[PDB]
Amino acid sequence: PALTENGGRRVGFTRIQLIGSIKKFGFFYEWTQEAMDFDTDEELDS
Amino acid sequence: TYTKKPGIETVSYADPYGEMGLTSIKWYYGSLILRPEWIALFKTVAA
């Protein structure tokens, strides 16, 4: 900058934007009754 | 008379830094000649 003894005439300022996002996630599994009754292990569900 | 010393003033969109000073003199003048015949004027050329 150079302020002469006269003066009379600059700076500005800016801001930026940040954007996120929420994404859904999940899964599942299935089993039959016979799988539980006739299984070698009796704690398979656990 | 008015006077704006440099500082917070002149400080304006013209001069944001406000480095100028100002002093003014104004007055009102006016006269009427009641009797012009009472006023005498002679003209001449000198050396």
# chains A, B, ... in the order shown; residues from 1 in each chain; ligands from 1
$ interface_residues --of "chain B" --to "chain A" --cutoff "8 Å" --atoms "only C-alpha atoms" --output "ChimeraX atom specification"
/B:13-20
$ select_by_dssp --residues "chain B" --states "strand (DSSP E or B)" --output "ChimeraX atom specification"
/B:2-4,11,15,22-24
$ atom_distance --atom1 "atom CA of residue 30 of chain A" --atom2 "atom CA of residue 44 of chain A"
12.9 Å
$ atom_distance --atom1 "atom CA of residue 2 of chain B" --atom2 "atom CA of residue 22 of chain B"
7.9 Å
